[PDB]
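PDB author numbering applies: residue 1 is where the sequence shown begins, and numbers increase by one.
Below is one structure; the comments refer to it alone.
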Amino acid sequence: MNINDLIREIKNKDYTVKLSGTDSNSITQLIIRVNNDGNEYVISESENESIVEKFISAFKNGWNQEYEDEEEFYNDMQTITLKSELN
């Protein structure tokens with residue numbers, strides 16, 4: 001999908017996310033807010049990684065001791081990475 005698709009897909013789940021601009025030529029940046037309580041996750045795409053692959057990899061190992069009260073978000077987080085690979 002396109003960076004814009006991320007906004008549209010995130011909008012459906014009512015999540016706050018943002019994308020860069022000229023970063024498209026090289027690598028775009030995706031910022032996902034895990035919790036409005038100030039809890040947020042930072043991820044980016046590199047020629048060796050992508051937001052979906054990098055972001056998914058960060059949570060690929062599954063919910064960490066980070067915060068159980070935020071585990072539900074992480075379970076849902078995988079949906080975003082699933083959306084990217086959506087043709």
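We treat Cβ as the ideally placed atom computed from N, Cα and C, and that holds for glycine.
Within 7 angstroms, strictly: CB atoms of residue i and residue j
i          : j          : result
residue 57 : residue 1  : no
residue 34 : residue 70 : yes
residue 19 : residue 3  : yes
Cβ-based burial, residue i [other Cβ within 10 Å; buried from 16]
i          : result
residue 81 : buried
residue 30 : buried
residue 42 : exposed
Spatially closest choice to residue i from the options, by CA coordinates
i          : options           : result
residue 55 : 16, 6 and 77      : 77
residue 39 : 23, 73 and 12     : 73
residue 6  : 47, 35, 51 and 36 : 51
residue 67 : 37, 46 and 12     : 37
residue 49 : 62, 61, 64 and 26 : 26
Scan the region 26-83 and note each continuous beta strand (DSSP E) run of 3 residues or more that stays entirely inside, going in chain order.
29-35 and 39-44
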